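Residue numbers (the working numbering), protein chains in the order written: chain A, 111 to 222; chain B, 239 to 684; chain C, 644 to 691; chain D, 0 to 124; chain E, 0 to 124; chain F, 133 to 263; chain G, 133 to 263; chain H, 133 to 263.
Every residue gets a Cβ at the ideal spot worked out from N, C-alpha and C, and that includes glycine.
Notes follow the structure.
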Amino acid sequence: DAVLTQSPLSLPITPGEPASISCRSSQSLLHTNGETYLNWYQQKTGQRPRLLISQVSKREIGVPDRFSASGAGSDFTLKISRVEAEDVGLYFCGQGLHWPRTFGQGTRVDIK
Amino acid sequence: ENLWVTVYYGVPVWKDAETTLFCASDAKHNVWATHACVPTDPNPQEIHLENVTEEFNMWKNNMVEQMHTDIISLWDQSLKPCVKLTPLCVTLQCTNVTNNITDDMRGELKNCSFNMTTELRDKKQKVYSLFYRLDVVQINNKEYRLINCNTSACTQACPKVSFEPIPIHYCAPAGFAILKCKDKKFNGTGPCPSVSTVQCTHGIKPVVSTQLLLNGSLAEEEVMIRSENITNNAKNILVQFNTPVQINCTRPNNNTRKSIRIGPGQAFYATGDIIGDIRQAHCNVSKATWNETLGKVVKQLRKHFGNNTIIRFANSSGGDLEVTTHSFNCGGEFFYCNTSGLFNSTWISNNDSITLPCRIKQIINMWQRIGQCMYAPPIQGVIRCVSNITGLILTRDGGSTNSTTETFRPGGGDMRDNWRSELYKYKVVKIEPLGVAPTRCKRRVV
Amino acid sequence: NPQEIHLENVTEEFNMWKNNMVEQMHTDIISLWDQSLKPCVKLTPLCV
Amino acid sequence: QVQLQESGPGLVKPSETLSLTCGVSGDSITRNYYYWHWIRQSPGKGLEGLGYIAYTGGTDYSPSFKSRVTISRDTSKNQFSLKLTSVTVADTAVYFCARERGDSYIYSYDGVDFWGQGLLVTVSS
Amino acid sequence: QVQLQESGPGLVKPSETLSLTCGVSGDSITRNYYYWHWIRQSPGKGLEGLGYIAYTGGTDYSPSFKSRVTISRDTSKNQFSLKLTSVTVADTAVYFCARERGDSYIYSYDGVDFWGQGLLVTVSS
Amino acid sequence: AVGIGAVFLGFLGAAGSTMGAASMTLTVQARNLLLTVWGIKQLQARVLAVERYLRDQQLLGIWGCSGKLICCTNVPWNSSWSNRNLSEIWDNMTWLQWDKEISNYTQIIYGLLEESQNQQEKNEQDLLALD
Amino acid sequence: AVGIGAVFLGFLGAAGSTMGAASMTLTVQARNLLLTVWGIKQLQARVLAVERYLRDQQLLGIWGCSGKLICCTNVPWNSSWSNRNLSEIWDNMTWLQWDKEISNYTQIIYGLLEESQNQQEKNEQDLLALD
Amino acid sequence: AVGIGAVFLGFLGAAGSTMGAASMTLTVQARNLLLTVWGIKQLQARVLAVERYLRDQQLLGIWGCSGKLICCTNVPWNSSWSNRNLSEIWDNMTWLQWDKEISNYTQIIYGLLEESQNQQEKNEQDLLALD
Ligand SMILES: *[C@@H]1O[C@H](CO)[C@@H](O[C@@H]2O[C@H](CO)[C@@H](O[C@@H]3O[C@H](CO[C@H]4O[C@H](CO)[C@@H](O)[C@H](O)[C@@H]4O)[C@@H](O)[C@H](O[C@H]4O[C@H](CO)[C@@H](O)[C@H](O)[C@@H]4O)[C@@H]3O)[C@H](O)[C@H]2NC(C)=O)[C@H](O)[C@H]1NC(C)=O
Ligand SMILES: *[C@@H]1O[C@H](CO)[C@@H](O[C@@H]2O[C@H](CO)[C@@H](O[C@@H]3O[C@H](CO)[C@@H](O)[C@H](O)[C@@H]3O)[C@H](O)[C@H]2NC(C)=O)[C@H](O)[C@H]1NC(C)=O
Ligand SMILES: *[C@@H]1O[C@H](CO)[C@@H](O[C@@H]2O[C@H](CO)[C@@H](O[C@@H]3O[C@H](CO)[C@@H](O)[C@H](O)[C@@H]3O)[C@H](O)[C@H]2NC(C)=O)[C@H](O)[C@H]1NC(C)=O
Ligand SMILES: *[C@@H]1O[C@H](CO)[C@@H](O[C@@H]2O[C@H](CO)[C@@H](O[C@@H]3O[C@H](CO)[C@@H](O)[C@H](O)[C@@H]3O)[C@H](O)[C@H]2NC(C)=O)[C@H](O)[C@H]1NC(C)=O
Ligand SMILES: *[C@@H]1O[C@H](CO)[C@@H](O[C@@H]2O[C@H](CO)[C@@H](O[C@@H]3O[C@H](CO)[C@@H](O)[C@H](O)[C@@H]3O)[C@H](O)[C@H]2NC(C)=O)[C@H](O)[C@H]1NC(C)=O
Ligand SMILES: *[C@@H]1O[C@H](CO)[C@@H](O[C@@H]2O[C@H](CO)[C@@H](O[C@@H]3O[C@H](CO)[C@@H](O)[C@H](O)[C@@H]3O)[C@H](O)[C@H]2NC(C)=O)[C@H](O)[C@H]1NC(C)=O
Ligand SMILES: *[C@@H]1O[C@H](CO)[C@@H](O[C@@H]2O[C@H](CO)[C@@H](O[C@@H]3O[C@H](CO)[C@@H](O)[C@H](O)[C@@H]3O)[C@H](O)[C@H]2NC(C)=O)[C@H](O)[C@H]1NC(C)=O
Ligand SMILES: *[C@@H]1O[C@H](CO)[C@@H](O[C@@H]2O[C@H](CO)[C@@H](O)[C@H](O)[C@H]2NC(C)=O)[C@H](O)[C@H]1NC(C)=O
Ligand SMILES: *[C@@H]1O[C@H](CO)[C@@H](O[C@@H]2O[C@H](CO)[C@@H](O)[C@H](O)[C@H]2NC(C)=O)[C@H](O)[C@H]1NC(C)=O
Ligand SMILES: *[C@@H]1O[C@H](CO)[C@@H](O)[C@H](O)[C@H]1NC(C)=O
Ligand SMILES: *[C@@H]1O[C@H](CO)[C@@H](O)[C@H](O)[C@H]1NC(C)=O
Ligand SMILES: *[C@@H]1O[C@H](CO)[C@@H](O)[C@H](O)[C@H]1NC(C)=O
Ligand SMILES: *[C@@H]1O[C@H](CO)[C@@H](O)[C@H](O)[C@H]1NC(C)=O
Ligand SMILES: *[C@@H]1O[C@H](CO)[C@@H](O)[C@H](O)[C@H]1NC(C)=O
Ligand SMILES: *[C@@H]1O[C@H](CO)[C@@H](O)[C@H](O)[C@H]1NC(C)=O
Ligand SMILES: *[C@@H]1O[C@H](CO)[C@@H](O)[C@H](O)[C@H]1NC(C)=O
Ligand SMILES: *[C@@H]1O[C@H](CO)[C@@H](O)[C@H](O)[C@H]1NC(C)=O
Ligand SMILES: *[C@@H]1O[C@H](CO)[C@@H](O)[C@H](O)[C@H]1NC(C)=O
Ligand SMILES: *[C@@H]1O[C@H](CO)[C@@H](O)[C@H](O)[C@H]1NC(C)=O
Ligand SMILES: *[C@@H]1O[C@H](CO)[C@@H](O)[C@H](O)[C@H]1NC(C)=O
Ligand SMILES: *[C@@H]1O[C@H](CO)[C@@H](O)[C@H](O)[C@H]1NC(C)=O
Ligand SMILES: *[C@@H]1O[C@H](CO)[C@@H](O)[C@H](O)[C@H]1NC(C)=O
Ligand SMILES: *[C@@H]1O[C@H](CO)[C@@H](O)[C@H](O)[C@H]1NC(C)=O
Ligand SMILES: *[C@@H]1O[C@H](CO)[C@@H](O)[C@H](O)[C@H]1NC(C)=O
Ligand SMILES: *[C@@H]1O[C@H](CO)[C@@H](O)[C@H](O)[C@H]1NC(C)=O
Ligand SMILES: *[C@@H]1O[C@H](CO)[C@@H](O)[C@H](O)[C@H]1NC(C)=O
Ligand SMILES: *[C@@H]1O[C@H](CO)[C@@H](O)[C@H](O)[C@H]1NC(C)=O
Ligand SMILES: *[C@@H]1O[C@H](CO)[C@@H](O)[C@H](O)[C@H]1NC(C)=O
């Protein structure tokens, strides 16, 4: 099983300063065909989760430009160029290559 | 059954062909231009090809010859803006150096003085310089001349450009591709049961060596032997290690650089007065590591001639200094070490560092090109160098019915052998996307 | 007779100090100037 | 757009079979290159996949639930259901029926596009 | 597969006319870019081309036989025949009916593909 | 995401697959076909690639497949060229082996296709002239 | 002569005109797409222009519109890409604005077009196989 | 083998033959279209050959013939250009003489074809848009 581990576990940030999250993978996510299969998700308090970035750096429709990501191999990171007061909730990093699918434990974001 | 021919475009078919590759690097001045190279991909794509096998072959791929020609072209291009040393061929009056000289360095360095031109063409200036025994010959306080005054005028390398061997990536152009063999136990030739397509090769270090391969790509699980024909002793033997052995080389002399303005906008970086003590250059390698490495090589090599036979290692028979000694460049000085202290032992079935002296030489003509040459300027300060050994270019000695004591000797004056140890996994192919096959369709009628 | 066509109902964001035309022109002038001095004689034996 | 909704009992006793039915609207359940998963999530432990059903009708389940989960489909009503046998207290979590993007021959698409409301299954004795 | 088969009398007296018929099976005589020749072989003299009939219906005869050879076609039953007048004792030889390759407007093709079984004709009395 | 359904593979990844399965990935191969001495070297490689692509496009243009990857023709397949089952070629062979076997008869097939298309063009034009 | 009727305009002279009116001038823009150092520069420019034209023609070739400036496709338009009425686009917008608005979704539409053509190609071949 | 039927001839072998007979060899002419200073000269020659072929293909593409050696257009002939008989041209005149005669009126026909193609394209799009 590809156990995804995020860091830091918590991240108190206020509007006006940047933020970043790192996600490590036990097994390499580089498929035999030469394509990565890592995705980022957002889940608000008591709401269904939503996808933000797909295929490491391809932004999803309706997602603002404030979010960004980059990485390869086993080291990947999620960097938010601008954060607002409505960006509360959990953030997950999931792989779509090794079965069963797995997601990180969840990094909490709140006001400092 | 009724059949009709059908043509398909874009089928996965390929054939062997020859093409002109192009360099690629990060572009992060040195002897290698790196300006004509297009920017490299941040992360090259690698596609593994399953259920297919390719007939890989060494000693015939045009990649090694193409790389050799490109290296020569870059080397020649990097010497054009530099100044030529044509008015330096004059009579040199030299005297042996004896200021705190040692027995192992006595008679090697000479303090020479000679007339030389200045900025103004209507005047001359008297200057002095230090030259090694290998860069001067006698005439028949004694007169001497440079070794190249009867061959060609050398051009000194520009001090701004260094000899750093940065990696270079070779990428196939549109319509072509390069296949790499992923087999761990791959042999020099034969079919490869694990092929993979890649757009650009890994970082290849264009290191210049003649006897011991260094700063190269090491093996992954065990030592391997490479040779076109093992029985035919005329062909060189290539061996790649799986673990490295560090070599600590240095130039203890604390020399100084001096600038002599020989003309308008031109200058000569002469060897200034040496301060402090003087010692001979040397390299150090661990005895236990070398012993274990040689043992592994003997074990891996005994399966080609038998278990009962015994093999021995001996130093070079003879020839030019470029082939009888291990040469390399650490920073800005070219060494020539006496490897006789390493290839001297006998192996039979079933305090902690080796020291070997090295000589410095300035008048160096790279490759096998005797028509032109280059002058290496003296580097100011103490030179220190450390590197990993990766391979040895062994050569066999004619043997009789004795069928024992197979004597092995190093060699490999050519430079293609060095790059062959790095390009043995890749081969260039040409793709043919036009195919033909039968189908049951007859096409409509209009 | 160079052709000039007017474009109605449109505006473009012009910006100097960033267009590559000036750098290209400068490079071309340097190249032509250097090429024009190739057959001329060197004045090296005059430094007396 | 595509809407996914769950349906099933809000509370299940221990050891009987637990049935969850997810209705899909706005798109055909038999899409050419797309997959449908059933993912659950408990407090603090995070998300975990149970199994999935492909467009071809085949199914694949996680190694820790092969002898307990079972997924079926019904194209006539445009829905799919999951059957879980021998439920325990540890299975208490909110279940979601989501949709993901499967790699096609021409291109590769990854990610879970949409998710469901989430039926909170409570196990108590 | 295309096959040819000859037919005609076996013994022919001197001074009258000779008649042979070669059948064609597996291919149409009306082929767009092909020819049909008549060749005979005798000991010592070698091979000789009596004549041929093109797909257009036209006929061309050799200079040494133009006054005596005559070729005609019958597309209804897919066969063609040859008539030779003023037979002599020197005409005793084995006759072959063969197909050839015409030069198309796009490409040129040369070569006799198929031959007959070689019916032996004996001219004696 | 990978699964039990369809797979994507890579550039020339379907080489080991059968002809039937490799025929579904014909777009990926077709869409990837496009110091002064160095400048000459790079321009030579670029012009070579352009010429090769235009050569293949010209060959397709002469036939009735100027703009499609899969197209049918009217000339039948003579058994002598292969005398092999249809099902065994598509489901029990790869493009590399098939290309190796049919390499001795590619010129004949190309000439036949070209001539057939030319004749078909003349026939269609003659028929269209009536209207 | 110029009058109340049509207008000739010039190359890239209908940029300010609406999409509906500028769609009739596609041919004028399409037909105009075609000392050793100076030779290298001019050759590089010519090769780049040819490569650009070839890439555009290759993209059109992959789709089922290899030989026509105006064509039709079977994949509809998802409202999420533009969510605006049809009349307000052809009669109240220009190509520069429409291009800037769809610039972020062009790659997805390109992939959809290629996949649709591949599927139609295999469906058509399978259907014609009955003959 | 040569005979009383068809003839092969060679490249530009039907230059002295009539147009009707020379129209059968359109494929042979179409299939044959495809030290630093010398490298520049060779690359210039190859690039020029490619531009000429691309220009011809572009001209064919603008018209209603994507790719084929013979195609028909929907515009009537004007006697003002030639006024010569139909059979007298094909059966009694070569291609060189006819080209010399129509040389002064090629640009007009080239413009008329483009006009007709644009009108036909827009009409076809409007007709197909009533579904
Ligand atoms: C095989 O691979 C090994 C790597 O393990 C190479 O070893 C390197 O050799 C180069 C010389 O070619 C060394 O680079 C030089 O180092 C000098 C001292 O380095 C110390 O100081 C620097 C800080 O400046 C530290 O980062 C470093 O760790 C040392 O503590 C510098 O003084 C040199 O700079 C001068 O020369 C350069 C051009 O060469 C000029 O541009 C500068 O301005 C300056 O004048 C230079 O940087 C390098 O340190 C070696 N690496 C190691 C780990 O020792 C072998 O050279 C290579 N090849 C062979 C044949 O063995
Ligand atoms: C490399 O070759 C192997 C065969 O040695 C390929 O594996 C084969 O993949 C096909 C895919 O269609 C399998 O067919 C399927 O079999 C199952 C079970 O019978 C059936 O339910 C499906 O409908 C389909 O018919 C085949 O069984 C399988 N064979 C083996 C031995 O695994 C493999 O795909 C090839 N890989 C590449 C990259 O070419
Ligand atoms: C397609 O054509 C090529 C070349 O025309 C054929 O390759 C040739 O195949 C023959 C075998 O039929 C090889 O002959 C060799 O003969 C020696 C001596 O008898 C024998 O020891 C070898 O094992 C081999 O059979 C020949 O070397 C080979 N190559 C050439 C250049 O002639 C190929 O067979 C043809 N394929 C088909 C399907 O027709
Ligand atoms: C540049 O912009 C001007 C201003 O928008 C354009 O003039 C306008 O063009 C439109 C479109 O043809 C005209 O609308 C139509 O007018 C006719 C009567 O002439 C009417 O029957 C139609 O129902 C429709 O309303 C508009 O009247 C005209 N004038 C103004 C003052 O708006 C001009 O065409 C543009 N030129 C280019 C090259 O983009
Ligand atoms: C297509 O993508 C581009 C780039 O991703 C989008 O351009 C960016 O649009 C945002 C607005 O969504 C711009 O943000 C600006 O921020 C300032 C400061 O908060 C604010 O005052 C502005 O009103 C605006 O919101 C951003 O500058 C702009 N450019 C870049 C380089 O990011 C574009 O909007 C996307 N188009 C569509 C239709 O999605
Ligand atoms: C060079 O000029 C001569 C003279 O015109 C050409 O010979 C002519 O070839 C044509 C065939 O395309 C002959 O037409 C046909 O002749 C047969 C005769 O039986 C007739 O049955 C047909 O109805 C048709 O008229 C034409 O007669 C013939 N002229 C002669 C022999 O005087 C020759 O082909 C030209 N060569 C080239 C390379 O242009
Ligand atoms: C197509 O247009 C060209 C011109 O672009 C025409 O060529 C010209 O033809 C005339 C004859 O019709 C030449 O006139 C000359 O006049 C002198 C004096 O009377 C006479 O001695 C000559 O024998 C000749 O007739 C003229 O030089 C020639 N060239 C030019 C540049 O005007 C051509 O005739 C036109 N073809 C058709 C079919 O309309
Ligand atoms: C190399 O030779 C030069 C020239 O003979 C030496 O330079 C002289 O050294 C003496 C002794 O120290 C001084 O008195 C002179 O002033 C120096 N200059 C000249 C121009 O004569 C130099 O010392 C010698 N170096 C070595 C290492 O022997
Ligand atoms: C440098 O040039 C000077 C001047 O020509 C040389 O000095 C002369 O040397 C010759 C031969 O040794 C003597 O006969 C002259 O008397 C010298 N003249 C003077 C003014 O000293 C000198 O030998 C040349 N070489 C060196 C190394 O200095
Ligand atoms: C000077 O050195 C050379 C070798 O470099 C030696 O042969 C010679 O004997 C030495 N002369 C003196 C006087 O030391
Ligand atoms: C140049 O001089 C050296 C030393 O005397 C000699 O070995 C070499 O042969 C000479 N070269 C030529 C071309 O005479
Ligand atoms: C590599 O394979 C060939 C052919 O099987 C063999 O002759 C050769 O000895 C092999 N190489 C080594 C080093 O054994
Ligand atoms: C190798 O060399 C020997 C002669 O030493 C020769 O007989 C043999 O054919 C050569 N090639 C191989 C593959 O052994
Ligand atoms: C090599 O070993 C010798 C042993 O005496 C020592 O003196 C010398 O300093 C060593 N050199 C290096 C570079 O380690
Ligand atoms: C070499 O000489 C320089 C002279 O400035 C001195 O600074 C440096 O310490 C010396 N190095 C050694 C190793 O003696
Ligand atoms: C070489 O020098 C390095 C200095 O870091 C030292 O760690 C290493 O042990 C030395 N190796 C030998 C063989 O002297
Ligand atoms: C290698 O080490 C062993 C220690 O067991 C020693 O007996 C042997 O002589 C060594 N080999 C050499 C070449 O010194
Ligand atoms: C040599 O010895 C090794 C190890 O005992 C063995 O694997 C190999 O087969 C032997 N080779 C021969 C030719 O006896
Ligand atoms: C090294 O090789 C040379 C070649 O001439 C020889 O003279 C010398 O004796 C060798 N060294 C040893 C230690 O045998
Ligand atoms: C290398 O060292 C050995 C040790 O005796 C010596 O005999 C040989 O001459 C040396 N090599 C050179 C080129 O001096
Ligand atoms: C070579 O090895 C022998 C082995 O006994 C040793 O006696 C001798 O000193 C060695 N010579 C050198 C130069 O290492
Ligand atoms: C030498 O080997 C060590 C250990 O494998 C490695 O860390 C180091 O980077 C290597 N140095 C070079 C220059 O390759
Ligand atoms: C996007 O288009 C596809 C194909 O028509 C359709 O099935 C899907 O529902 C559309 N999605 C949205 C959000 O409109
Ligand atoms: C065999 O080839 C001939 C061409 O001479 C062709 O007419 C025929 O149709 C082919 N046979 C079959 C069964 O297609
Ligand atoms: C395919 O070939 C085999 C011979 O290996 C034959 O037995 C079989 O009948 C063939 N299939 C068909 C459909 O004729
Ligand atoms: C245009 O779209 C807007 C919003 O979708 C709508 O309110 C308006 O009625 C539409 N206009 C027409 C003419 O359909
Ligand atoms: C000549 O051109 C005119 C253009 O309107 C056309 O109507 C006419 O039909 C053409 N010639 C004939 C009589 O076909
Ligand atoms: C063709 O032109 C000739 C020559 O003037 C004329 O007699 C004849 O009537 C014209 N028309 C036809 C149909 O032959």
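Interface flag, residue i vs chain B, CB-CB below 8 angstroms
i, result
"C683(C)", "no"
For residue i, the first and last residue of its enclosing beta strand (DSSP E)
i, result
"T168(H)", "First-last for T168(H): 168-194, but that is the alpha helix (DSSP H), not the beta strand (DSSP E)."
"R163(G)", "From DSSP, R163(G) is part of no beta strand (DSSP E) but of the alpha helix (DSSP H) over 158-163."
Cβ-heavy atom distance, residue i to ligand 26, below 7 angstroms
i, result
"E220(G)", "yes"
"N217(G)", "yes"
Residue i Cβ short of 7 angstroms to ligand 21 heavy atom set
i, result
"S578(B)", "yes"
Boundaries (first-last residue) of the alpha helix (DSSP H) holding residue i
i, result
"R654(B)", "654-658"
Nonlocal neighbours in the same chain, by C-beta distance under 8 angstroms from residue i, ignoring five residues either side
i, result
"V445(B)", "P403, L451, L452, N453, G454, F566, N656"
Cβ of residue i within 8 angstroms of any chain H Cβ
i, result
"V169(F)", "yes"
Going along the chain, which unbroken runs of the alpha helix (DSSP H) with 4 or more residues stay wholly within the segment 549-583 of chain B? Taking 4 residues as the shortest admissible run, the segment 549-583 of chain B contains the following complete alpha helix (DSSP H) segments, listed from N- to C-terminal end: 559-562.
Give the list of continuous beta strand (DSSP E) stretches no shorter than 3 residues that lie fully inside the segment 347-382 of chain B. At a cut-off of 3 residues, the continuous stretches assigned as beta strand (DSSP E) that sit fully inside the segment 347-382 of chain B are 347-355, 362-370, 374-376.
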